[PDB]
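Undergrad: Whatever this is, show me its structure:
(2 chains, ligands or ions: 2)
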Amino acid sequence: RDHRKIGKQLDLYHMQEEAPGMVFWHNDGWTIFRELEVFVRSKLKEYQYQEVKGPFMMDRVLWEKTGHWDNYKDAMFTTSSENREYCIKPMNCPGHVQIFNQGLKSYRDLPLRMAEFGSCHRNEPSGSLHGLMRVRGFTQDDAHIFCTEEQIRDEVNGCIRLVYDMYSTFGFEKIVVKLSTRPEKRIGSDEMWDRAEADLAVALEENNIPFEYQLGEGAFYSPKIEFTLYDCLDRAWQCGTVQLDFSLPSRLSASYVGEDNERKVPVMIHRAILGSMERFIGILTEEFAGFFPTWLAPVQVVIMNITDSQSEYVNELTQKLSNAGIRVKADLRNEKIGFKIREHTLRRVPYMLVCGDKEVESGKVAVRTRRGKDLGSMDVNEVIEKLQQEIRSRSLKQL
Amino acid sequence: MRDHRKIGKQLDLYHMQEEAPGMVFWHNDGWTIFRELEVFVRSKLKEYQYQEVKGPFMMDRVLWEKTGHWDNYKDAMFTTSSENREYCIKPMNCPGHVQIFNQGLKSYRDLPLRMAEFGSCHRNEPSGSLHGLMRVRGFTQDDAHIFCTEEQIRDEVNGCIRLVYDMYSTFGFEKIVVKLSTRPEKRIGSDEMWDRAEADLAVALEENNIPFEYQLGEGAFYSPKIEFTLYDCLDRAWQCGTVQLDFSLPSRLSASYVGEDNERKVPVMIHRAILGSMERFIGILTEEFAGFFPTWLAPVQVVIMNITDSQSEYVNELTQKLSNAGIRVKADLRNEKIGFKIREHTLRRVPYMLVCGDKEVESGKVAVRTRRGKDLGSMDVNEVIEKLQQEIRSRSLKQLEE
Ligand SMILES: [Zn+2]
Ligand SMILES: [Zn+2]
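TA: Residues are numbered from 1 along each chain as shown, chains lettered A, B, ... in the order given. Ligands and ions are numbered 1, 2, ... in the order given. Right below this line is the structure:
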C-alpha cells in the first residue's frame, strides 16, 4: 500500500531529480487525474460554480498587497522580465479577485462562485518532499465565493455539504473536523476575527458537526475549518479546508454595488475539497491498493483473442465498447492467452474479455475480473450496460 | 466588430492586465470555449490513438542545455532558482515527453508511441510585440510527439497530415497552404540526417497529393518542419499547423529502445501541433465567426425567458430540463421587455433564445428565436432538445433552418 511503489508498477507517474517535487503524469495516471476533474466538474455544475483559469505568474506587487510576500517569501518561486519581478502563483486567491474586479458588480451578481483547477508552485525544502504527498507543484480543486454578509451562512453550508458529498463518493465516511482561530501575526481587526470565527463555529454546529479548536493555526488573513478523512487503515488525511475571509478582497480593491446603491466590499469564502489533487490520487492509490474503482480505472476493459481467428471479432467489440464511452483496449499480440490475462490482471484492469471460437460463433464474450472471478460467457450488450451503470454511478465495487 | 479583443470584452471571454503581460485571465465563458476545444482535440486523440500525459512546469536548466535549446532560446526563457539550482519554465514540451519515454525499458513492440499533451508553455517575449490572444507570453499548445522506427516514419507522418485536414475542416477551414521549412544556417545535426528528414517530409506530402513550396532556412535548429497555413473568411493567412521530423533531440536526451535484432536503437521523434497556440486559435475563431461561435463552442447555447411572472415557474422547469440534457442553458427572468432581452442576448451571440408565453405553458412548447434575427416559431420542447443535441454532437457549423 505504498503509492510510490504502486504508481511505478501501474505506470501512473514518475519523478526525477531534474524536477524535484513535480510530477510527470504518464498516460494511465493522467487518466485518473482527468476523471477526478470530470467528477469535480459534475459537482461544480450541480452546486452552480463558474470555472475560470488564471495566469501562472503575476507581478510580485500583487502578493505584496495581500501580505503573502512578507509572510511566505521563502516558499514562492520568482522570475524576472524587463526589470520586473513576477511570482509563480502559490495560490489562486489574487487571480480570482482580478477576474472579479473586471466589470462593475452589483448585489444581483452575488453569490458569485468561482472555481479553478489551479496548479500552484511552492519552493518547499527538498528534504521534505515525499512522492505525491508533499510536492512542489500541485493542482488544487480551488474555489472562491464572493457574497454578502447575509449570504455567509448559506454559502458556508453549501461548502460543508459538498465536502461530505464528495468524500462519500470515494468511501470516506469517517471525517474529523477542526476550527483554526487567529494566529499571533495576522491582519484584520479583532471584531472581524470575532465574527469570522463565530460564523464558522455556528455553521459547524448548525450542520451537526462536532469539532475541536486549533488555537492560533488559522491563516494570517482568515480562520478556517479543516476536514480530515480516515482511510481504510484508519490513517488521518487532512484534505478539505473552508476559510471565511474578511480582509483580502479589501486589500485587492474588490467591491460591488449594494441594494442601497452603496459601495461595499464582498465577503470571500475560500474552499478546497480534495486539496492537492496529486496528493488525493496518492491517498486513493493506497486506499484501493491499486484496485481503482471502474470509473477511475485508467483502462476499464481489455479484450483479447485466443488465436488470429478471433482478431476481427475483438476489433469489432473494441470499437463497440469504445463508442459506448468505455476505456477499452484490444490485446492482439502473439502471446498465450494466459500470459495476456496475467499482464492485465497485474495492471488491475477491472474487466478482461476473452474471445474464442465459441464466443465468435455465439456473439457473446467471456468475462473475468482482476480479482480472479470468472463471470462466464455474457451477452455483449449486457456487458456494456453493466459497465455503463457501474461507471455512471461511480460505484466503489463491482455489482 | 471583428477584432477578437473587442468581441472578447463584449462576450466576457477573457481579460489581460499589466500585472501579467502576455498572460490571459480566462473568464467562465472564455474558459468554456477553451474546454470545448480540449474535448474536441481529445476526441481526435482517441480516434488517432494518442496517449495523453502531463509534464512538470519547470525542469533543470542542464536538461535544456543538452538539446541546445538553452543556447538558442535563453533570451526567451523564464528562469527561476531554488537551493542553488536554476530551473527553466518550459517553453516547449519536447524534453518532458522524452523523460516519460526514458522511464522503463522500451522495445520495438512499444512503437509507435504517440504522446500528446495540452502543454502550458511560457516564453519571455518582448512586451512591445504582445497583442491580444495572438502574441502572448503564456499559452497552451495541442502538442504531441511520436516515437517510432525509421520504417514507421511514413505512416506516422501521413497520420499527422490527415489529422491536420481533419481538424481544420471542423471549423470550416478548407483553404490550406503548405510549406516545407528546410535547414537554417545556425543548426545542429548531421547533413545526412537533415537530407533524410527533409526528403521524408517531402515524400509524405507527395503521397497525400499536397502541393507545397520550400521555405529555405526557416526550419527549427534541430529538425525541418511542414508548416500548414489556413485562410480565414477574410482570406487572411494564419500559420497554425506544424509537423517536424527530428533525428537530433532523442539522441541528445539518451532516448533508446531495443530493436527486433536485440540491439539498442535511437527512436525517431515526430513533433506535431495542429491548432498551435490554443489561445491564438480561439482568437482566430473569434474573428472568423465574428463572435457567432458554432453551437458546440458557444459559451451559452440557449437562453429561456419569460414575458411576465406567470411563466417564471415554467421557464425554470425547462432550464433544468435542458441542463439535464447536457445543454448550456440560462434563464432570463428579469422584469424587462422581451425585445430588450432578445437584443441583449443577440449581442451576446447566444445561438437560441426561447420565449415562453402563457400559450407556451399550456401547450408545453417554446417560441424559438435565433441570434441571426430569425423566428423559427413554436416547437415541442423535446423536439427542440433533440435537434440541439444533434447540432452539438455533430459540431455543426450551421444552426437550425439556415
Ligand atoms: Zn484562496
Ligand atoms: Zn516538440
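Undergrad: The stretch 1-150 of chain A: helices as residue ranges?
TA: With helices called from DSSP state H, counting those that start in this stretch, the stretch 1-150 of chain A shows them at A:3-9, A:27-46, A:60-65, A:68-72, A:93-100.
Undergrad: The stretch 251-399 of chain A now?
TA: With DSSP H, counting those that start in this stretch as the criterion, the stretch 251-399 of chain A has helices at A:277-288, A:311-323, A:337-346, A:357-362, A:380-392.
Undergrad: To residue A:206, which of these lies closest?
TA: helix A:277-288 (27.4 Å; Cβ to Cβ). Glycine gets a C-beta too; all of them are placed from N, C-alpha and C.
Undergrad: Show me the contact partners of that closest one.
TA: A:1-3, A:6-7, A:12, A:23, A:29, A:32-33, A:36-37, A:117, A:131-135, A:138-141, A:170-171, A:231-233, A:237, A:239, A:274, A:292, A:296 (Cβ atoms under 8 Å, 6 or more residues apart in numbering or on different chains).
Undergrad: rewinding a little: rebuild the helices of the stretch 251-399 of chain A as CSV, extending it with distance to residue A:90 and mean neighbour count.
TA: As requested, the helices of the stretch 251-399 of chain A are exported to CSV (distance: least, Cβ to Cβ, whole Å; neighbours: other Cβ atoms under 10 Å in any protein chain shown):
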stretch, distance to residue A:90, mean neighbour count
helix A:277-288, 15, 23
helix A:311-323, 40, 17
helix A:337-346, 39, 15
helix A:357-362, 55, 14
helix A:380-392, 35, 16
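Undergrad: circling back: are any of the contacts of helix A:277-288 buried, and if so which?
TA: Buried subset of the contacts of helix A:277-288 (neighbour count, 16 or more other Cβ atoms under 10 Å in any protein chain shown): A:3, A:6-7, A:12, A:23, A:29, A:32-33, A:36, A:117, A:131-135, A:138-141, A:170, A:231, A:237, A:239, A:274, A:292, A:296.
Undergrad: So which of those residues sit within strands?
TA: A:117, A:138, A:139, A:140, A:141, A:237, A:239, A:274 (DSSP state E).
Undergrad: right, and the pair among those with maximum separation?
TA: By the measure Cβ to Cβ, A:117 and A:237 form the most distant pair in these, at 20.0 Å.
Undergrad: give me every residue that touches the closest residue in space to residue A:215 that isn't next to it in sequence.
TA: Using Cβ to Cβ, 6 or more residues apart in numbering or on different chains and skipping the chain neighbours, the partner closest in space to residue A:215 is residue A:181 (5.5 Å). If you count contacts by Cβ under 8 Å, 6+ apart, residue A:181 has them with A:193, A:197, A:213, A:214, A:215, A:216, A:217, A:218, A:223.
Undergrad: neighbours around residue A:266, how many?
TA: As a burial measure, residue A:266 scores 26 neighbours (other Cβ atoms under 10 Å in any protein chain shown).
Undergrad: do residue A:58 as well
TA: 21.
Undergrad: got a list of what it touches?
TA: A:86, A:87, A:89, A:94, A:95, A:98, B:19, B:20, B:23.
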